[PDB]
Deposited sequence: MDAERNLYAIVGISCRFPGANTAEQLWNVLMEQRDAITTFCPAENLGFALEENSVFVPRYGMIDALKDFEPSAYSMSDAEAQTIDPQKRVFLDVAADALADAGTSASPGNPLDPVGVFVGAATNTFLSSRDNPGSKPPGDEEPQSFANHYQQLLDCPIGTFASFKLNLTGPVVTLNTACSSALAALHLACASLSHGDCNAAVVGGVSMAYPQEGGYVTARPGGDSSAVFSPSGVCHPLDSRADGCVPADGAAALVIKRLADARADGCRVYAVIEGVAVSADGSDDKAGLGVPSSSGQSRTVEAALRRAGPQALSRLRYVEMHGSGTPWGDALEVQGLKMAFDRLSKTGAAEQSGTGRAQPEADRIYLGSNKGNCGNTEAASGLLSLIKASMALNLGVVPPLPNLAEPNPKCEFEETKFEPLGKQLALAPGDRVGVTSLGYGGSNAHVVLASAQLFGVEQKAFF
């Protein structure tokens, strides 16, 4: 099973285009927004908690035009931004898939598989429409059309539609389902989506005081240092993105230029063995998923696996467990350095959207022949025990050989896992598509 990525659109901190994202990553920039301290927070802090005035903001509504989607300006103001912005990235990714493609090969039926956070706008003070009760205003959650079906309706898409949530693995969960559905013959193309926009907007986030609760995974310092000895948690962020994917056989038959090729995908759940608790990932569970994806990609892919875009969210214990899962997988597969990185120190943790950020960065790296580094790696996390192993965190750009493969991991609260193996389009006898 091989899949061609043929369209992309994204809205991430610092980047509303692939070229903007590439420059954030290659210039080793921090695209998190800092806010002025608020005179009054509007709530009281628990005694062992702090407020950090940083957040991965996006500016996607600056580019959203309600009237392009048969929506009045007044209607648009009461619709979850996640729905408005996802509609825009899905439409732009489909438009992108129509460029550099032989005309007259409709993608239909187009499935829509979107990993999405809960709609937190609806109840929030940020919703201008947050009164005598009617059917329409008494059941606003019922009548909150799921994001994916809303996109199928507004964009006239007729394949399978699913809106799903597996916490921070949601976007790769969506990729997995889209690939299974393509291989099952349910659709001829798939929009694969991730979106998370959190309300109310507070200009920062609450977490534990330094050295307090380690279950409070948000960084007390306000800086995410993946794989680094300074690791102290992640910085939350909003994000939205969509890919269009096709079976590689149809990219060949239909005359599509291709950004990068998916060679293997697997997902799993940790269950409860070898797992410290609901919010602590299992290195065993992760290792099984990585191994499955590498087995599906095949022995040549495995032998050329050169770099992994980790989940890499910058908790010191989570990063260590994720490195351990990679060590376990590759040890089992053996029975030459593999470089490791993350994008969450550039853009924060975009939560349900985060696996799409990683897939896009990996696809761009394969397309351009170079992996952007971590933005600010000083000393590696000693608990990862990189010494005298084949793994090492990537602190400078990594030039790729045309045969090198890249892996991508995303992990979700409660034990959901996903791993994807990607390769350059130029290995597969198809024309490569330019991101910019």
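Residues 1-5, 136-141, 347-362 of the deposited sequence, counted from 1, carry no C-alpha coordinates in the model.
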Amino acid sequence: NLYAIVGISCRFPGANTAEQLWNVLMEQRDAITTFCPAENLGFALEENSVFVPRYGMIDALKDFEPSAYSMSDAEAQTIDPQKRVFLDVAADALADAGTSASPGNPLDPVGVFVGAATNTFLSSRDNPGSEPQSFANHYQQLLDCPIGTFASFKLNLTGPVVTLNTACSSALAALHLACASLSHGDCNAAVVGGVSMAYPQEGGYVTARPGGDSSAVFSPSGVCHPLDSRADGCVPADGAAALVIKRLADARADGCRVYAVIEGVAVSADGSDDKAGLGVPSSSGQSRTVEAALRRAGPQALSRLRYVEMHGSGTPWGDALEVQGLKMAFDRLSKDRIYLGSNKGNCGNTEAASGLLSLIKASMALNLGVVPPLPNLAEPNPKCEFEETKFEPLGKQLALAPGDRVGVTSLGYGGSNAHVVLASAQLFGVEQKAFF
From here on, numbers count along this sequence of modelled residues.
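Relative to one another, 211-219 and 188-196 have unequal mean CA B-factors, and 211-219 is the one with the higher figure. The deposited model assigns a higher average Cα B-factor to 117-125 than to the other stretch when 236-244 and 117-125 are compared. In this entry, the residue among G203, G314, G355, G271 with the greatest C-alpha B factor is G271. Which of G369, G403, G407, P53 has the largest Cα B-factor in the deposited entry comes down to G403. For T33, the recorded CA temperature factor ranks within the lowest third of the chain's modelled residues. Per-chain ranking of the deposited C-alpha B factor places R288 in the highest third.
Per the PDB record, residue ranking by Cα B-factor puts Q140 in the highest third of the chain. Looking at the C-alpha B-factors along this chain, the one for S9 belongs to the lowest third.
Ranked against the other modelled residues of its chain, the C-alpha B-factor of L107 as given in the entry falls in the highest third.
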